[PDB]
Each structure stands twice: as C-alpha cells, then as structure tokens.
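Scroll down for the structure; my scribbles are underneath it.
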Amino acid sequence: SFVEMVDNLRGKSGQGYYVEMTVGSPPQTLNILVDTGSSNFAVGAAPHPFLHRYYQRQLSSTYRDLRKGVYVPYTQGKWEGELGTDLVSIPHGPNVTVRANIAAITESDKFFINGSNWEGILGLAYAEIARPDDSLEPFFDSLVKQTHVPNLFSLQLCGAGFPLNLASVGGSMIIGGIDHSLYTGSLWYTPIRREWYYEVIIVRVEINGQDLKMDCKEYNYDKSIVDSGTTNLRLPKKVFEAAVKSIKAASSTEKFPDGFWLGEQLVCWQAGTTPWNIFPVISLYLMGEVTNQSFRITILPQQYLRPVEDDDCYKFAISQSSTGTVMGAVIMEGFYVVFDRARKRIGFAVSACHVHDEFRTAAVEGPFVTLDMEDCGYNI
Ligand SMILES: CC(=O)N[C@@H](Cc1cc(F)cc(F)c1)[C@H](O)CN[C@@]1(c2cccc(C(C)(C)C)c2)CCc2[nH]ncc2C1
C-alpha cells in the first residue's frame, strides 16, 4: 500500500530515527534505529541502565543460536554480542515475516542513549561492511530474498515543528517503494558508486552561490556517503575549513565563541529573533547518472543549525572528518531520499516536511553539467 507506512518513524533530535519491529515467537516489540551507515541488525538482549526493554531469546521458540561472537565499533559507541536468527516483522511496514540475522547485544559502551526510546539498530547498507564479515546477510537483503518486496526503500526524515500523535520529530520509511504524497517536484538520481556504504560523488560545492573552488576529489576524499545514523554533515578537513571560513564571513555581523564552530557550545537568540538571513545556503552538487544531468541539493541554515534547549538555542551541525563526507540526518531532513538499490542509485526530492524560511527555499534543482566520477572520485 505505502499509506500504512507513512509516519512510521519517531525520534528525538540528534538521537536518530527509529521504527517499531517485532522479534521472536511470540513477537517481542522493540524500537529500532534506522541506519543507512551500517549493515548489522542488532538489539539489546540483556539489561542496561538506559534500556526500557530487551530481546529475551529464551522466550522465543523460533530463536536459533549461530554460536558466533560479533562486535561493531561506530564513531564513538560500540557493542558486542552473540549472533543468532529469528523471525522479524515490521508492524507499520510490509505485511511479511522474515528469518534474519540478529546480533543479540550482551554488552555495550556509549551506544544506548539515556531516554532515547530505541533498543536496537537496523543497518540498511550492504554486506561488504557487515561484521564480523560480508557473509552475514543484512536484514534488507534477507527481506528481499524471502519475500516479493521490491529492492528499494525511501526515507523522509522530518525536523521539529510537525504534528505527531518519546516526542519531537517523526518521519517515514517506505519499504518497497516510493510514496508520492511525501514529496513535491522531481526526483533527481545520483549513482551509488559502490555497494558498501551508500557511496555517492559530490562534483561541486557552492556557498551562497559562490563556488568553493577546490579540486572536487577533496569533496570525496576517502569517500562520500548518505548516512541516516549520523546527525551532522561531516566534511573532510580541507573542505570543512574552507566552508567554515565562508560561513563565518557571511555571518560576520555577529560573533560566536570558537566553541560554537567546533559543535561543542550552543548559541541563543531571544525567541523568534534568530537571524537566519546572515547564515548562507550550502549547495551540494551530486553527479548525475549522465553527467549533463547532475543536480544540486540546497541546505538552509534551519538544517545545519540544529535546535536544542537551555530561548531559541542552536548547535552548529557541521563537523570535521578525517574519514570522508558524511551526509547525515541534518542533510536528509527536508528531502525525500530514495535508496534505489535495484538500479544502484539514490534519489533526492523536496520533502513535504521541508524547512520554512520566509525568503529562501530548500531545493533539488537541475540539470547541471559537471565533472565525472573519474575527475571527482578518490581511488582507495
Ligand atoms: C554517530 C554514529 O556512530 N552513528 C552510527 C549509528 C549509531 C547511532 C547511534 F544513535 C548511536 C551509535 F553508537 C551509533 C552509524 O552507523 C555511523 N556510520 C558511519 C560508521 C562509522 C564507524 C564505523 C562504522 C561501521 C563499522 C561500518 C558500522 C560506520 C559510516 C561510515 C563513516 N565514515 N565516517 C563516519 C562514519 C559513520
């Protein structure tokens, strides 16, 4: 249908977006973080101070132990666990059940977040980056192989301010297709360069219409990916420095502590007086499937200035990286993103929950003629 899947995501700002899932027999309900930046399906399977509930394998008649250990280290957090298989469903997803690999998390460190409301993670990327090795079939590969669900999903991650009905921000994960009521305008597609992370190629970057003027290999230095499990826009050292230099220049009328630009300190303004006009729009051009059909996604300050609290407070959500460009949640917010795995491409369109701005508007625009995968792709 797809209507049954609209609004199936919830989350707290900066703590990921999650979807309801069931595991075992009888079905045990768990909220699971949707992560396109990994490929392991893992759930709390032991008591933890921040876990409201967890997966009890002893109470599932369909549980099968694989007699194998596993661990996954992320950017900061990590967990270890025991591999097994079990029946998995998504109540607000397709009407199907599948036997999938499940990493039963037995110990963890800085993985679970206090009061987040999620108890596990659903890695939606490819087998190549799955631990302990690529022989561990990811959930989405299992879903597609065992059912007739088409090989593609879409994510509409919404920012704050939209009606929901535990709170702040919602979204949609349409499994097996594209829901047209979730976006406006045209969907533009960029190739998945390789099936491991959802890797793409950035061919140009503009700040307030002014080209950053860098060797485009710098934009994809190491790699460039789409990652719903990461909050910030992460930029390679050199791009980060040139970008923050343009953003500081554009916003020079006001001055902020060095801590602000490092993403550690917050900045506030009397309620409703946020001076959005002095922060520029960032345009990221993605390589077209055909290079005279490239396109840009335009990000407003309402996206890269993430709202928090203690009247209107904000965190700078652009960070330095030594591991490539990561287009995180703040980038995906306000766009409808199609992970068209069947045709090895990712689509972008303006979301129905796009960010406001009285004088500017987020956009997905093209066509543009640009450089190639060969000119812009870093070869590792
Ligand atoms: C912030 C973060 O760590 N997000 C991850 C999901 C997550 C959400 C959460 F709420 C708590 C938590 F502990 C983890 C997500 O998987 C991160 N994904 C990347 C990644 C980094 C370290 C290793 C991994 C694999 C080995 C592949 C799992 C992935 C993708 C690749 C990459 N290059 N630079 C940065 C990244 C981020």
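Residues 59-223, 228-372, 378-447, in that order, are what chain A shows, numbered as in Swiss-Prot.
Note that Cβ sites are derived from N, Cα and C of the backbone, with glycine treated the same way.
Taken from Swiss-Prot, the feature active site covers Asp93, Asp289. Sequence annotations record features per position, and here Swiss-Prot assigns disulfide bond to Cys216-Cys420, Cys278-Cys443, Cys330-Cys380 based on experimental evidence. Taken from Swiss-Prot, the feature N-linked glycosylation site applies to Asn153, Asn172, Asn223, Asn354, supported by sequence analysis. Feature annotation from Swiss-Prot assigns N6-acetyllysine to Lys126, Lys275, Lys279, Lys285, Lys299, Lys300, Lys307.
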Fewest other C-beta atoms within 10 angstroms, as judged across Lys275, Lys285, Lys299, which are the modified residues: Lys275
Cβ neighbour count (within 10 Å, all chains shown) around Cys380 (disulfide bond): 15
Chain break of 4 residues - Cα distance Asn223 to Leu228 (Å, rounded to integer): 11
Fewest-neighbour residue among glycosylation sites, criterion Cβ within 10 Å, set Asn172, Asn354: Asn172
Mapped DSSP class for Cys330 (disulfide bond), helix or strand or coil: strand
Chain break of 5 residues - Cα distance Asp372 to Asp378 (Å, rounded to integer): 7
Distance-selected recorded positions near ligand 1 (C-beta under 6 Å), from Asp93, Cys216, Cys278, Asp289, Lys299: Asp93, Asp289
Rounded distance in angstrom between the Cα atoms of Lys285 (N6-acetyllysine) and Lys279 (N6-acetyllysine): 9
Candidate with the highest Cβ count within 10 Å, taken from the glycosylation sites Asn153, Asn223: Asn153
Mapped DSSP class for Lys307 (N6-acetyllysine), helix or strand or coil: helix
Inter-residue C-alpha distance, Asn172 (N-linked glycosylation site) and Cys380 (disulfide bond) (nearest angstrom): 21
